[PDB]
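Trainee: This structure is in structure tokens; I'll ask about it shortly.
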Amino acid sequence: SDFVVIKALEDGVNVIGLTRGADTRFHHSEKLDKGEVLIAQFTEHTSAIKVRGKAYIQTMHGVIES
Amino acid sequence: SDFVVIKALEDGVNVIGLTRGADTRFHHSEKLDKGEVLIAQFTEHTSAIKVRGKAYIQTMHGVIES
Amino acid sequence: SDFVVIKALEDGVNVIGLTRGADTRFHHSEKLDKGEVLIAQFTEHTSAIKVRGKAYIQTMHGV
Amino acid sequence: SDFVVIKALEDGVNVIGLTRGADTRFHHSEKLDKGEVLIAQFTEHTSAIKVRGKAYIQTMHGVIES
Amino acid sequence: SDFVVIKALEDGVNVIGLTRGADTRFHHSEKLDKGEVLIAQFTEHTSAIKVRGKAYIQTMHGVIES
Amino acid sequence: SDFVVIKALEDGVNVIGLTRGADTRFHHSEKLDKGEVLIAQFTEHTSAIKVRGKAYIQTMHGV
Amino acid sequence: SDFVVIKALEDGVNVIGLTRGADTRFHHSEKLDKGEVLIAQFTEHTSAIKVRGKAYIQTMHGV
Amino acid sequence: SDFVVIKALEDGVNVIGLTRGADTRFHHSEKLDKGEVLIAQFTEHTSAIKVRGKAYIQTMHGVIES
Amino acid sequence: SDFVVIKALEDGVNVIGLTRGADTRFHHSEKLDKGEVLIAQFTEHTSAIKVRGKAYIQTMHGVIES
Amino acid sequence: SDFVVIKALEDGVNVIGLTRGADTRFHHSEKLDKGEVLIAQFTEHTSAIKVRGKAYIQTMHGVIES
Amino acid sequence: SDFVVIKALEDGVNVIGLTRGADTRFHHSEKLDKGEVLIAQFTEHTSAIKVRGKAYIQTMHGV
Amino acid sequence: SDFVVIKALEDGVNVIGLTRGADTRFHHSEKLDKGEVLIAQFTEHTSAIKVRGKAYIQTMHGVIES
Ligand SMILES: N[C@@H](Cc1c[nH]c2ccccc12)C(=O)O
Ligand SMILES: N[C@@H](Cc1c[nH]c2ccccc12)C(=O)O
Ligand SMILES: N[C@@H](Cc1c[nH]c2ccccc12)C(=O)O
Ligand SMILES: N[C@@H](Cc1c[nH]c2ccccc12)C(=O)O
Ligand SMILES: N[C@@H](Cc1c[nH]c2ccccc12)C(=O)O
Ligand SMILES: N[C@@H](Cc1c[nH]c2ccccc12)C(=O)O
Ligand SMILES: N[C@@H](Cc1c[nH]c2ccccc12)C(=O)O
Ligand SMILES: N[C@@H](Cc1c[nH]c2ccccc12)C(=O)O
Ligand SMILES: N[C@@H](Cc1c[nH]c2ccccc12)C(=O)O
Ligand SMILES: N[C@@H](Cc1c[nH]c2ccccc12)C(=O)O
Ligand SMILES: N[C@@H](Cc1c[nH]c2ccccc12)C(=O)O
Ligand SMILES: N[C@@H](Cc1c[nH]c2ccccc12)C(=O)O
């Protein structure tokens, strides 16, 4: 099962889960302060993930650092 | 399931999901402002993804940037 | 399932999906303007994809 | 599921699908003008593919350029 | 399913499918003129493929040319 | 199933498990003191893990 | 299923299929003339293949 | 199933199993004195493992030592 | 399904199939003259193969040449 | 199915199996004298293995020599 | 299923199979004389193998 | 299924199959004279193979010769 690693590079980063299904809305926003890490899966309820703010992101595809 | 990473390189990038099935229409357009990232799977409802605007994109096949 | 990445290098690139089944016709053509990207899977309804117009294209086999 | 990429290197290339089953006949011919690309799967209805005209062809086995 | 790529290097190459099952006979012969290509799977009906004429052939095992 | 290796590099590192399902809340926070290690899986109940505090972290994607 | 690639380097190469089962006999011999190619699978009916005559042969193990 | 190797580098190292399920508590603490090794799987009952004390640890992800 | 390639390096090579089951006896011996090749599978009826005479043998493990 | 190789580097090494299930206790201790080797699987009854004494240990993760 | 290759480098090497299950005892010890080889699988009845005596041993993890 | 290649390097090599199950006895001994080869699988009836005599042996793990 696929997952995303997000490390915040500043205060106030948001990681937002978008709902799986015919409809798409934000179901949760997790706040990260500078240096906090979130390792989040794709799930039965989450089929897309949006990241706002300067962040280091790893997935199976590789890395993107803000 | 396969997924795409999109990093917006300018304001107002749109990531659009196209419906799976006999019919094809846009079901959702997620706006991304500069530096924001979307990690989005293909799903039961989305079998094609369209990106408009300056974006850095990674898939299983590699990177596509501009 | 397998997918193709198409980036339009001109305006009006057509990504044309062809029907899975005994019959072969286009059921959808998605237009891409210069610099726009489509990542499109093979699916229950699409078993062949045609690209008309100048495009950078990636598949599992390469670019 | 296996697939073939065909890029036409001249006008009037034909990509022809041959029927799956005990009988073999052409069920469809798709025309490609110079520079047009066809990415076609093997399917429930297509077990062989014939290409006529100068074409660049990729499969899992590698490349043949006319 | 496994497949074979055949590129005809002269006019009048024949790609022949041999029947799967207790009995073995030719069920189809596809003629290829010079530069024409056939990508052909093994199937429920075809368990051996015969090539006659000058051909460049790729399989999973490699290339065989002349 | 997939797992994460967290080594605390300060006292009071919190490894926070978030609920699998429609709702997202923390159901458990495991505290790690400096030098202590937690190897934690994704499971039926945990679909996201947050680490608060300075930590060396390994996943399938790298450190 | 596994297959063998035989290219005849003389006239009258015989590719001989032997019966899968308790009994072992040839059920088919396919003749190849010089330069002709047979790509032949193992199947429900063929569990051993014999090549008589000079031939270039590829399998999963090499040439 | 995935497993962890722990080698104690001092007396009194504890390897603790945390319960799988909605609830999370310690169910067992195995003490390791210097040079002693535990190879421990994740299981139906254990979905997280905690190490306290100076240890050399190997997992699928690599080594972690001190 | 596993298989053995045998090429005879002299006249009179024998490739012998030993029966699968509680009992073990030779069920067939195939003769190979110099330069003849046998590609033989392990099967429902054959769980061991004996080769007598100077032969070049390939399996998944590699090569043995007499 | 995963397994551990233990070679004793002194007399009196013990390899101890810990029970699978909600409860954890030692179910068996196998003694190894210097140079004796134990190759032990994880099983329906054993989910953790403890080694006491100077030992060379290999698992899928690599080697630890006392 | 997984297997071990034992080559005896002295006379009287014992390859000892231990019972799969709740109980652990030896159910079989196969003696090897110098230079003799045993290739032995893990099975429904054997979940641990002990080698007593000087031996060259290969597993999936190496020698 | 896994298999072993044995090449006899002297007359009178024996390849012995040991029974699978709760009981262990020899069920078959195949004699190999010099240069003769046996390729033998593990099976429903054979879960250990013993070689006596000078032999070159290949398995999935590598080669063992003398
Ligand atoms: N509700 C959408 C979410 C989604 C996933 N991938 C997307 C790509 C573009 C737009 C929306 C999405 C779905 O499950 O299909
Ligand atoms: N509704 C279409 C969407 C699609 C996927 N790939 C395509 C390629 C071309 C055109 C449309 C598509 C389908 O599910 O099949
Ligand atoms: N309707 C055809 C479409 C197709 C796929 N691959 C092809 C190759 C050639 C011609 C047509 C096709 C089918 O599903 O089989
Ligand atoms: N109708 C044939 C088509 C075919 C596939 N591979 C071939 C090779 C040779 C000749 C015909 C074929 C079949 O399904 O079997
Ligand atoms: N009881 C929790 C244990 C757990 C696993 N990974 C975690 C990460 C953080 C907190 C707790 C956990 C569960 O099975 O899901
Ligand atoms: N309850 C959410 C937790 C979650 C997983 N990945 C996420 C990414 C973003 C936001 C929330 C999450 C879920 O199971 O889907
Ligand atoms: N009718 C034969 C065709 C065949 C496949 N491989 C062969 C090798 C030799 C001779 C015939 C064959 C079968 O299906 O088994
Ligand atoms: N009828 C035999 C054919 C065979 C396959 N491999 C062999 C090796 C040796 C001798 C005969 C064979 C069988 O199906 O088992
Ligand atoms: N009848 C035996 C044949 C066999 C396979 N591997 C062996 C190794 C040694 C001796 C005999 C065998 C069986 O099916 O098990
Ligand atoms: N009875 C425990 C044994 C165990 C496995 N891994 C562990 C890690 C730590 C403590 C105990 C264990 C179980 O089956 O889950
Ligand atoms: N009858 C034993 C044979 C065996 C396999 N591996 C062993 C190792 C040691 C002793 C005996 C064995 C069993 O099937 O389990
Ligand atoms: N009867 C034990 C044998 C065993 C396997 N691995 C072990 C490790 C240590 C001690 C005993 C064992 C079991 O099946 O589980």
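Trainee: Set the Förster radius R0 to 35 Å, insert the Cβ-Cβ distance between H:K54 and A:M60 as r into 1/(1 + (r/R0)^6), and round the FRET efficiency to 0.05.
Mentor: 0.55
Trainee: With a cut-off of 8 Å between alpha carbons and a minimum separation of six or more residues, what is the relative contact order of chain E in percent? Don't skip to the end; give the middle numbers.
Mentor: Details: 151 pairs, mean separation 29.3, N = 66.
Once divided by the residue count of chain E, the mean separation gives 44 percent.
Trainee: What is the sum of charges, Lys and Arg at +1 and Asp and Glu at -1, for the other residues whose Cβ falls under 11 Å from the Cβ of B:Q58?
Mentor: Working: positive: B:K7; negative: B:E65.
Charge balance in the 11 Å sphere: 0.
Trainee: Which entries of D:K7/E:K34; G:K7/I:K50; F:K31/F:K54 show an alpha-carbon separation above 23 angstrom in the structure shown?
Mentor: The pairs that break the limit, which is 23 Å between Cα atoms, are G:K7/I:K50.
Trainee: Among the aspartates and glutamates, which have Cα under 13 Å from the Cα of H:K31 when same-chain residues fewer than 8 positions away are ignored?
Mentor: Result set, ordered by chain and number: H:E10, H:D11.
Trainee: A further question on this structure: Could you tell me the largest-minus-smallest coordinate of the C-alpha atoms of the protein assembly as shown on each of the three principal axes, in descending order and whole angstroms?
Mentor: 80, 80, 30
Trainee: Further question on the same structure: Please report the net charge: other residues with Cβ closer than 14 Å to the Cβ of H:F26, K and R +1, D and E -1.
Mentor: Around H:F26, the surrounding residues sum to +1.
Trainee: If you don't mind, there's one more thing I want to ask. With +1 on each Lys and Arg Cβ and -1 on each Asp and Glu Cβ, how big is the dipole of chain A about its Cα centre, in debye rounded to the nearest 20?
Mentor: 140 debye
Trainee: OK, next. Do me a favour and compute the ellipsoid semi-axes for chain F from its Cα gyration tensor, root of five times each eigenvalue, largest one first, whole Å. Don't skip to the answer; put the middle values down first.
Mentor: On the way: eigenvalues 80, 38, 13 Å².
Semi-axes, largest first: 20, 14, 8 Å.
Trainee: Could you please report the charge total around H:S47, scoring K, R as +1 and D, E as -1 over all other residues with beta-carbon less than 10 angstrom from its beta-carbon? Intermediate results must be reported in sequence, preceding the final value.
Mentor: Numbers: positive: H:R20; negative: F:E44, H:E44.
That sum, taken over residues with Cβ under 10 Å, equals -1.
Trainee: How high is the relative contact order of chain G? Use alpha-carbon pairs under 8 Å, at least six apart in sequence, and give a whole percent.
Mentor: Relative CO of chain G lands at 48 percent.
Trainee: Can you work out the PRE-style zone for D:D33? Point 7 Å along Cα to Cβ, and I want the residues of segment C:48-62 with backbone N under 20 Å.
Mentor: Of the residues in segment C:48-62, C:49-57 have backbone N under 20 Å from the label point off D:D33.
Trainee: Now, a different point. Say the dipole of the protein assembly as shown comes from +1 at the beta carbon of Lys and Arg and -1 at that of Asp and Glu; which of C:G35, G:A40, C:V4 then lies farthest toward its positive end?
Mentor: Among C:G35, G:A40, C:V4, the one farthest towards the positive end of the dipole of the protein assembly as shown is C:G35.
Trainee: Could you list the residues of segment J:2-46 with an amide nitrogen less than 13 Å from a label point located 7 Å from the Cα of K:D2 in the Cα-to-C-beta direction?
Mentor: J:2-6, J:38-44, J:46
Trainee: Given points 7 Å out from each Cα along the Cα-Cβ axis, report the D:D11 to B:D11 separation in nanometres with one decimal.
Mentor: 4.7 nm
Trainee: Normalized C-alpha radius of gyration of chain A, against 2.2 N^0.38 Å?
Mentor: 1.08
Rule-based calculations on the coordinates, nothing more; no lab input. Neighbour counts are summed over all protein chains in view; Cβ atoms, including those assigned to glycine, are modelled from backbone coordinates with ideal geometry.
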